[PDB]
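Residue numbers (PDB author numbering), protein chains in the order written: chain G, 99 to 147; chain B, 52 to 274; chain a, 292 to 305; chain D, 90 to 432; chain O, 103 to 153; chain C, 36 to 167.
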Amino acid sequence: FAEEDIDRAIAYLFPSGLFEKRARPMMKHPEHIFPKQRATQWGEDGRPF
Amino acid sequence: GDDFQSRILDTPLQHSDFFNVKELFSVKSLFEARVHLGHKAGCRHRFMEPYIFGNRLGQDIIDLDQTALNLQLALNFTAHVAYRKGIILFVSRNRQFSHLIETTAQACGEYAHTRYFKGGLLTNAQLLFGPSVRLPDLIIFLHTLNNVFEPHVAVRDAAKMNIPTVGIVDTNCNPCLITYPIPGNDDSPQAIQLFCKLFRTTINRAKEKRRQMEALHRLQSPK
Amino acid sequence: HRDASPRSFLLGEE
Amino acid sequence: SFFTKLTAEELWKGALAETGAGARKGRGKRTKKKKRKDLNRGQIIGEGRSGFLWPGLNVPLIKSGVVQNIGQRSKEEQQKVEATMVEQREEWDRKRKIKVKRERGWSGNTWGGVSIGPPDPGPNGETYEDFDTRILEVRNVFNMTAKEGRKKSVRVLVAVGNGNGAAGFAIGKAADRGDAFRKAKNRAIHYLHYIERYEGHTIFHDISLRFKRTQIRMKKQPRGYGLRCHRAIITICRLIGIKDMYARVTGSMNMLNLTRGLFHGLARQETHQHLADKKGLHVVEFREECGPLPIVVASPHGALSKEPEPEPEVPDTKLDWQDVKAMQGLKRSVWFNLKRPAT
Amino acid sequence: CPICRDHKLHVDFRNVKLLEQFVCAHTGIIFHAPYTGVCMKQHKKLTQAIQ
Amino acid sequence: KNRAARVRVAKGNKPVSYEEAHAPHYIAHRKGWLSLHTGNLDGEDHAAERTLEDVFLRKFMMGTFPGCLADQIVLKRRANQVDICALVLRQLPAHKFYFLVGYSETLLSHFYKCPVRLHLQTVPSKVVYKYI
RNA sequence: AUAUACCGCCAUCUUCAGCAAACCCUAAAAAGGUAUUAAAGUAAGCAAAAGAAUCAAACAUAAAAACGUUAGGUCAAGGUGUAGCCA
Ligand SMILES: [K+]
Ligand SMILES: [Mg+2]
Ligand SMILES: [Mg+2]
Ligand SMILES: [Mg+2]
Ligand SMILES: [Mg+2]
Ligand SMILES: [Mg+2]
Ligand SMILES: [Mg+2]
Ligand SMILES: [Mg+2]
Ligand SMILES: [Zn+2]
């Protein structure tokens, strides 16, 4: 089972006819959906890396 | 346990020159690097006259004897701060020496800010950097003037935050708010290169001494 | 000009 | 009709006329203004005027092991439940008007001298419960704007102090008064002066200064003298921890210049220990209630000198006519040294 | 006033702890009535009790 | 300025749900329809009766579940079946909901002469899409 | 009766580019806060932008357009505050 099959399965099981496709149901890998964020720029002692 | 931590942190303060910074420089060494050369008399600041040896045909000369005394104090202070694992930030807006100063900070293991200084960087740090950002414990101003011939904003902003400042102050600079002023030439490449090496050798010695001090005291605990 | 006075604060209507 | 009925949120929004244009431009001398009320506050699901009892909704579904059935309260029983609800409804209303007194300031309708509490906690949970905030001036300044015409902001001057020598002041400006209070209160905690008090109750020496056009003449006083100063100086002195002092303010009574001039002088005074170090001599104190007994209040930290301080035959001090005028035998005002409450 | 508002407070020569509050510890002078806000009737009573 | 079904901006302290945040021009674009029947399709009858029934069904559920509705209800008609899907806050005891479901179903099935079922999904608190 | 108590739904500048909030700075601040070879401003929301619609693609058209301005329009869409009528 692949990402392409996932999108096809979700489209059948949750039919949405919204014109904007960002607003449609999605079951994507967390990397695609969650914005990758800059991590902590300093350690426990507080010295920037 | 508690005795060892007290020994590591309290013993260095019982010696006048714990890190032997006196040997790094000499009046002759400073004179070779043209550290006694100042701006013309017209550019002179009123609070720099104590440090000026005289006026050699319009060019103010900086007493290299006061420079040696002041540099000893400033290098000594910078070593204890580095010994205690404090954050040291090098600050300058001279673009000729921007790459040298950033390379020096990287060699020492410390930090450099040679770029445009944002208003509020120190007084409004938590907004600009994050909630629990740790500010620098010492700021070394290799140049205390910005490119419009005005005091660098971080001189006042470091005083507002009660951060000590070690700054090179040429005849046209204002040393009043510099905690440890070092009177000397700031324009010549050979003068700036000397100061960068001194601050880099000093910081590495202080960091190395702490490693050795911990191993000796740590080893004693089992032994 | 009348409701900016400290009356509400000094009475306890918080 | 049942189809022309609107919700409570829409009924109160219209009736209160809060979002209406008139309120926004402040075109009414607000009085007798409608007060919003929640009508679902004391209503229990399953309770009706008819008094029916619904198992599983407003009464126990099972009672003493018996499965209940639908029922209705008698006319007498319902009149009791209806009465009890009215009592609870009225009880809440009376509590709404009940309030807790807060001490006034210099006057009943002014904000000057009103405590607004401690500053807010800091970045790392640094609480300031030991600090108190007092208001020194609230002004409604105006900035003319093309979009809004005359636009109004609240400019608040506050002072803070822990009553133990540390105090500061700041100005906060905003469009809302509550915001100006927060801005000024948390800003002043970042400008804390430390003021030297002689023996914890007074200044180390007389202080005369001019800040812009405001003049202040403070005098060191013995214990039990109390604060006999401008009301703003009494407020700031209590914040600092000074208990006994005299001060006179002349020229302009600008509150900011008085606050800046006060902190300027109080922060640049000279402790006895500092004077002993500067001149190298002992600082000795002679109290008339202790006779000629010499009291040493500060000794030089390093080497004690052996050259006596020069004592001129006639000093060249610049004296103020107001102070000297009293000893010349001239009459004081009827307003001077009147009986006043303890400060 | 402070004395009248609290009925249990009694101005008696034997109640020295109360009387001390109305005398200056540093100068030993009895405070005038405006200082503490007591009414003239109680201030006269306080002065007699302290004496 | 257009005012229809638009929750306006204040100072960033007003919670709004996903449904409330989106103005009418986002219908069929970002948010769907709360009612789904066949009465507005082309060549279909009884639109007025489906629309009148919906208006009543929404006022009925608001009053029957006062303060217990987290969001607007969704009405789904299939054949003669009616399905009401409501997000309800967890304020009332569990047994009280079982009473109101049995009551609201029987009453609305004998009023419109169709099988009516109530579907309740309980939320811990109203879901906030954004603070405006 | 009162749109000069209002909700609701709109007109107008307007497809104009601003609005509001949290901070920070000033030899005091009524306010103001930019320089890129950079000199005190900073990090987020709403609008714009983007996106979606006119069933390829573009362009275009629609839609969208904050906060305010005109006590603008509407108590007669409906609802409702205050006052008034109830043979
Ligand atoms: K209107
Ligand atoms: Mg130079
Ligand atoms: Mg009064
Ligand atoms: Mg109007
Ligand atoms: Mg757009
Ligand atoms: Mg009009
Ligand atoms: Mg009507
Ligand atoms: Mg009409
Ligand atoms: Zn009395």
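Beta carbons are placed, not taken as given, at the ideal position from N, Cα and C, and that holds for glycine.
Ends of the alpha helix (DSSP H) at residue i?
i                 : result
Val132 of chain B : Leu115 to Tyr134
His164 of chain B : It is not in any alpha helix (DSSP H) - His164 of chain B instead sits in the beta strand (DSSP E) that spans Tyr162 to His164.
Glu99 of chain D  : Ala97 to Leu105
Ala137 of chain G : That residue, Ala137 of chain G, is in no alpha helix (DSSP H); it is neither H nor E in DSSP.
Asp268 of chain D : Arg266 to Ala277
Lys240 of chain D : That residue, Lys240 of chain D, is in no alpha helix (DSSP H); its beta strand (DSSP E) goes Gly238 to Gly250.
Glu165 of chain D : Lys164 to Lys186
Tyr335 of chain D : No alpha helix (DSSP H) contains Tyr335 of chain D, which is instead part of the beta strand (DSSP E) from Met334 to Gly340.
Show which residues of chain O have a CB atom less than 9 Å away from the CB atom of residue i.
i                 : result
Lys428 of chain D : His134, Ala135, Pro136 and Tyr137
So with Cβ pairs under 7 Å, would you call residue i a contact of chain C?
i                 : result
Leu281 of chain D : no
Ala121 of chain G : yes
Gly160 of chain D : no
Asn346 of chain D : no
What's the call for residue i, buried or exposed, on a 16-neighbour Cβ count within 10 Å?
i                      : result
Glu396 of chain D      : exposed
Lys274 of chain D      : buried
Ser114 of chain G      : exposed
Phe141 of chain B      : buried
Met233 of chain D      : exposed
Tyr102 of chain B      : buried
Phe375 of chain D      : exposed
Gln310 of chain D      : buried
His164 of chain B      : buried
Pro381 of chain D      : exposed
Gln153 of chain O      : exposed
residue 160 of chain O : No information on residue 160 of chain O is available, as it lies outside the stretch 103 to 153 that chain O covers here.
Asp221 of chain B      : buried
Strictly below 8 Å CB to CB, what residues from chain O border residue i?
i                 : result
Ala431 of chain D : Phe133, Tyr137 and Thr138
Identify the contact partners of residue i in chain C, using a Cβ-Cβ distance below 8 Å as the criterion.
i                 : result
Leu116 of chain G : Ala63, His64, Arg65, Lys66 and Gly67
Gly145 of chain D : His130, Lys131, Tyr133 and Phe134
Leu105 of chain D : Here the premise fails: no neighbours, minimum Cβ distance about 16 Å.
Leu150 of chain D : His130
What in chain C is Cβ-close to residue i, meaning under 9 Å?
i                 : result
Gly252 of chain D : Neighbours of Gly252 of chain D on chain C: none; closest Cβ ~36 Å, over 9 Å.
Answer with yes or no whether the minimum CB distance from residue i to chain O is below 7 Å.
i                 : result
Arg327 of chain D : no
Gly313 of chain D : yes
For residue i, decide whether its Cβ has a neighbour in chain a, counting only Cβ atoms nearer than 7 Å.
i                 : result
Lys188 of chain D : yes
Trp181 of chain D : no
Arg376 of chain D : no
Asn232 of chain D : no
Residues of chain D with CB under 9 Å from residue i, in chain order?
i                 : result
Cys141 of chain O : The premise fails here: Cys141 of chain O is roughly 14 Å from chain D at the closest Cβ pair, so nothing lies under 9 Å.
When the cut-off is 7 Å and only beta carbons count, does residue i lie next to chain B?
i                 : result
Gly144 of chain G : yes
With 7 Å as the threshold, decide whether the Cβ of residue i is near any Cβ in chain G.
i                 : result
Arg95 of chain B  : no
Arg185 of chain B : yes
Give the interface partners of residue i over in chain G, defined as CB-CB distance under 9 Å, in chain order.
i                 : result
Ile138 of chain B : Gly144, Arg145 and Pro146
At a CB-CB cut-off below 7 Å, which residues of chain D make contact with residue i?
i                 : result
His128 of chain O : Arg312 and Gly313
What residue does the beta strand (DSSP E) around residue i start on, and which one ends it?
i                 : result
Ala263 of chain D : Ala255 to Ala263
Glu374 of chain D : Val372 to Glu374
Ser144 of chain C : First-last for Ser144 of chain C: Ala129 to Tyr147, but that is the alpha helix (DSSP H), not the beta strand (DSSP E).
Answer with yes or no whether the minimum CB distance from residue i to chain D is below 7 Å.
i                      : result
residue 306 of chain a : For chain a, the structure presents residues 292 to 305; residue 306 of chain a sits outside this window and is missing.
For a contact defined as C-beta to C-beta under 8 Å, what are the partners of residue i on chain D?
i                 : result
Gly102 of chain C : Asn129
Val90 of chain C  : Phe92
Quiz item: If you measure beta-carbon to beta-carbon, which residues of the region 41 to 72 of chain C are closer than 7 Å to chain G?
Solution: Only those residues of the region 41 to 72 of chain C whose C-beta falls short of 7 Å from the nearest C-beta of chain G are listed: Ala63, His64, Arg65 and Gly67.
Quiz item: In the region 129 to 143 of chain C, which residues sit with their C-beta less than 8 Å from some C-beta in chain D, listed in chain order?
Solution: The region 129 to 143 of chain C vs chain D, Cβ under 8 Å: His130, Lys131, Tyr133, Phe134 and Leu135.
Quiz item: In chain order, what residues of the region 135 to 169 of chain B put their CB closer than 8 Å to some CB of chain G?
Solution: For the region 135 to 169 of chain B, the beta-carbon criterion of a distance under 8 Å to any beta-carbon of chain G is satisfied by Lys136, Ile138 and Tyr162.
Quiz item: Using Cβ-Cβ distances below 9 Å, what residues of the region 113 to 129 of chain C are close to chain D?
Solution: Along the region 113 to 129 of chain C, going in chain order, the ones with a CB nearer than 9 Å to a CB of chain D are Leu127.
Quiz item: What residues in the region 254 to 285 of chain D bring their beta carbon closer than 8 Å to a beta carbon of chain a?
Solution: So the close ones are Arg266.
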